[PDB]
Amino acid sequence: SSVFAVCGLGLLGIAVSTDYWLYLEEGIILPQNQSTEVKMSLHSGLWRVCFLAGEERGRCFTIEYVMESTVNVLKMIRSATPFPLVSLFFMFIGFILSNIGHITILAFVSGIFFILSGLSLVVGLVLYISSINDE
Amino acid sequence: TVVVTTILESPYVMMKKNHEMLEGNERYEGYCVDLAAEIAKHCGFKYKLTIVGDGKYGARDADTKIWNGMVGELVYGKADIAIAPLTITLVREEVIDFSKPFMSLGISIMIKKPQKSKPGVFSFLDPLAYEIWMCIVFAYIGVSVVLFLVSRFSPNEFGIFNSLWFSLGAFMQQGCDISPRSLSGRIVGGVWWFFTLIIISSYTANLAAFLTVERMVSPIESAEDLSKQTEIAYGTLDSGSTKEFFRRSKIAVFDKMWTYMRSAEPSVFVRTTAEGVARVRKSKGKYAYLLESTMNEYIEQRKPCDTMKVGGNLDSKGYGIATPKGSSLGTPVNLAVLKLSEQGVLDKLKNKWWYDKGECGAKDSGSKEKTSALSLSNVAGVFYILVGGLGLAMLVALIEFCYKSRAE
Amino acid sequence: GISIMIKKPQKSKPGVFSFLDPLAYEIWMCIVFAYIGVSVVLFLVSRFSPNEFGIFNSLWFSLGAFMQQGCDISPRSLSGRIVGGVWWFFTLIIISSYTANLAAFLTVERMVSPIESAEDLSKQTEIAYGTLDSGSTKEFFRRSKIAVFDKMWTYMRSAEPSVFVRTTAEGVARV
Amino acid sequence: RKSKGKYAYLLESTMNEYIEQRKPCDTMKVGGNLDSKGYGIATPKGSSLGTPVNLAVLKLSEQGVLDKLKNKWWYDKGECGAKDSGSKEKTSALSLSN
Amino acid sequence: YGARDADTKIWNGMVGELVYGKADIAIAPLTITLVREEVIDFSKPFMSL
Amino acid sequence: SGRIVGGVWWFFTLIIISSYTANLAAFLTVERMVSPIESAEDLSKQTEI
Ligand SMILES: N[C@@H](CCC(=O)O)C(=O)O
Ligand SMILES: N[C@@H](CCC(=O)O)C(=O)O
């Protein structure tokens with residue numbers, strides 16, 4: 001129960017930090033099926049969004065501006081941003097209060113904060129996917 | 001054989017890119033360039049294709065009184081015949097002796113083609129209206145009360161709290177381990193079971209109709225409530241006919257339409273009939289470019305298949321050959337057009353040029369359906385009710401435990 | 001007689017997970033995340049409240065309630081009957097959405113009519129219909145005026161690229 | 001009226017907008033205008049009455065009187081109720097009536 | 001309203017009250033068309049149809 | 001002897017309810033196909049009216 005808490009912090013910790021949440025392969029087509037090469041292909045994250053093919057330059061920007069569909073998604077990722085942050089909040093609260101319990105209700109009240117983080121992350125993933133299929 | 005004072009356009013006159021190889025009359029071509037040929041049958045006179053470099057169709061300009069573009073070429077003696085799209089205004093009649101109209105257009109609306117709407121959070125209860133989902137909940141309680149009253153004041157595990165679980169047990173079809181035991185408790189459990197069989201088989205049935213035949217709405221149709229229900233950007237063209245009709249608005253429903261264009265920003269007008277298409281084409285939110293009709297059914301047809309004409313013909317204005325006030329070639333001109341119209345050679349060119357390109361509309365919308373799988377965004381409201389339902393449930397878990405803790 | 005030669009409609013192999021086509025893969029991973037997310041909450045909401053629910057009998061309730069069968073225990077508390085309440089409403093909308101689109105994949109691709117005549121191929125501008133060049137067939141559509149063929153020659157003359165092939169062996173390969 | 005949705009009637013749009021605004025409102029203008037024409041005040045061929053009336057309709061235009069008459073007999077004639085106004089949803093869910 | 005028929009039977013209708021010399025000025029909902037152009041005279045179009 | 005009566009009646013109620021849900025999803029998606037006439041050329045083909 002300690003290890004699942006220890007492994008839980010790092011895994012979402014990598015995820016909320018990294019820049020590989022969402023890909024993109026916006027291209028073209030030609031007859032004789034002659035599809036495309038790369039035309040526009042951005043990988044993306046939650047805080048640093050890095051273009052890869054349209055300009056090749058990694059404009060990993062703290063999203064407020066440019067550097068058309070891209071920032072529009074980033075305004076919708078902005079709508080789904082706090083829910084993995086709330087899940088990271090309630091996890092670390094559930095993490096420390098579990099170790100205090102090892103050193104009563106102290107272990108049990110931490111188990112509330114794991115499930116409140118998990119139900120925060122389901123609405124996290126849903127609203128993130130609902131934002132993408134919107135765009 | 002004098003001056004053709006036309007302008008580079010949609011299919012009336014344009015420079016086709018074969019003039020990068022060819023020459024002669026084939027430098028500038030289109031509908032009206034064919035009309036140049038069958039007017040030459042009667043007048044005898046040839047062409048001189050001069051696209052107006054000043055071309056900004058216009059009239060005499062505001063407070064400078066200089067004529068603009070085409071009439072800037074037509075009126076000043078620089079031109080005499082004006083085979084082109086040229087709209088006959090009565091203030092233009094004050095300047096120009098005309099001919100009789102080719103066709104007639106109206107002020108039209110280029111709205112963008114209705115792309116599929118974004119479903120909301122609560123779009124899962126689309127197939128059953130918002131009166132039924134309130135009739136169910138009061139029939140839920142209205143039946144769960146009658147199980148209680150019957151099974152209490154008669155010969156009992158049916159409280160209230162166990163009777164709101166049988167009725168919810170039957171509406172989600174998940175069944176029951178309680179199973180009422182009188183005759184008068186089985187009739188309530190009976191006709192409620194027939195209620196849930198019809199409503200669930202009407203929800204599934206109607207949702208199988210929304211996901212097969214998807215009729216769509218153009219919400220800015222029928223231009224009177226385009227004006228009244230102001231939602232979208234009333235875009236239009238610039239200097240030329242379409243503003244000057246709305247400047248002189250005396251029909252009040254068009255005047256309050258014009259005041260909203262008078263109070264518009266930043267696109268009160270822009271420019272360029274090609275670009276005015278593009279401002280609809282790329283914005284796609286609210287821009288509602290208010291062009292002339294006969295240009296609108298061309299762009300709609302061509303092959304992007306991405307715009308659509310809502311409403312019809314807010315005025316009636318005509319395309320007639322303009323002649324600069326007396327202009328002796330006029331009587332060969334207009335009698336020719338009459339013999340083109342009454343014989344139907346002008347209507348023959350109508351039959352030709354508006355069926356040249358790749359045909360579109362509902363013509364392309366034949367048997368071409370592939371229908372997509374549901375994304376998460378169609379049932380995403382149920383995941384919000386589901387997780388949000390648990391947040392209520394873990395809340396009552398504290399409240400129940402605190403009412404057993406503060407019981408002590 | 002002049003006739004039409006198209007590609008035969010061999011159907012496919014469907015790919016053997018094609019039953020979960022009417023719901024996209026984001027739904028089938030969010031059911032399972034909400035199947036664990038409900039079964040854990042049912043465990044906790046009937047543990048420190050007044051027994052028969054472990055985590056293991058709670059997974060059997062949620063899996064029982066999702067395939068709409070009648071798993072046998074019941075929730076018994078107002079804290080507990082809400083978890084079994086909203087999950088019963090979740091499994092009503094998802095299965096009715098599955099039965100809808102699988103009755104919408106089928107009755108849409110049952111509408112789909114293969115081309116069966118010349119005048120059907122007149123309207124269906126999707127398929128490009130190019131005939132032999134320098135032969136009797138090109139002469140037929142150019143000259144005659146049955147007015148179904150006038151429209152067919154019209155789109156054939158506006159070729160993009162050249163639909164006239166040049167020869168029969170190249171024409172069979174072009175289909 | 002008597003064919004019950006089996007008979008179409010091709011008539012002019014200026015007449016058509018009034019007919020669908022009479023108290024048995026069960027008619028509707030289907031599509032756009034199939035062409036465009038115009039009403040005209042007629043004189044015999046080569047009449048002395050021509051150019052006074054021709055200069056009248058020009059004057060009657062920018063004064064705003066003739067299009068006030070376009071209002072005057074048509075604006076108030078939504079006495080039927082205009083039930084088309086409260087029907088633009090065309091909703092497709094089942095109602096209680098089903 | 002108006003017509004034209006087998007020989008001419010001159011212009012059967014309200015234009016027949018205007019082509020025969022039955023009456024002068026004809027304030028009416030009469031439509032302007034090209035057939036009525038050549039036979040009698042008209043105003044400017046005061047409405048749109 | 002008893003589980004056969006509950007056996008074939010369970011198969012009876014599977015086919016009837018699936019037949020009810022089919023046609024109610026066939027009354028609706030047929031009368032949702034039904035397009036009112038909206039143009040002249042649509043009324044050209046529709047020889048009913
Ligand atoms: N035919 C119009 C074009 C410009 C416009 O529509 O405003 C004109 O000459 O004024
Ligand atoms: N055998 C044919 C071949 C060309 C065609 O099919 O039109 C011929 O000689 O005319």
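Along the chain as shown, the residues are counted starting at 1.
Positions of Cβ are set from backbone N, Cα and C atoms, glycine also.
Annotated features, as they stand in Swiss-Prot:
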- C:25-45: transmembrane segment (TRANSMEM)
- C:53-68: intramembrane segment (INTRAMEM)
- C:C71: S-palmitoyl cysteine (LIPID)
- C:72-77: topological domain 'Cytoplasmic' (TOPO_DOM)
- C:78-98: transmembrane segment (TRANSMEM)
- C:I115: site 'Crucial to convey clamshell closure to channel opening' (SITE)
- C:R142: site 'Interaction with the cone snail toxin Con-ikot-ikot' (SITE)
Might you list, by sequence position, any residue in that chain lying six or more from C:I115 (site 'Crucial to convey clamshell closure to channel opening') with a Cβ less than 8 Å away from its Cβ?
C:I4, C:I6, C:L121, C:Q124, C:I127
Would you list the DSSP helix, strand and coil counts for the residues of the topological domain 'Cytoplasmic' (C:72-77)?
0 helix, 0 strand, 6 coil
By the DSSP assignment reduced to helix, strand and coil, which category contains the residue listed as 'S-palmitoyl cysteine'?
coil
May I ask you to report the DSSP-based helix, strand or coil state of C:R142 (site 'Interaction with the cone snail toxin Con-ikot-ikot')?
helix
Sort out the residues at least 6 away from either end of the topological domain 'Cytoplasmic' (C:72-77), same chain, that have Cβ-Cβ distances under 8 Å to it, and list them.
42, 45-46, 49-50, 52-53, 57, 61, 64, 83-84
Under 8 Å by Cβ from C:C71 (S-palmitoyl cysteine), counting only residues of that chain that are 6 or more apart:
C:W60, C:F61, C:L63, C:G64, C:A65
Report the same-chain neighbours of C:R142 (site 'Interaction with the cone snail toxin Con-ikot-ikot'): residues 6+ apart in sequence with Cβ closer than 8 Å to its Cβ, ordered by sequence.
C:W153
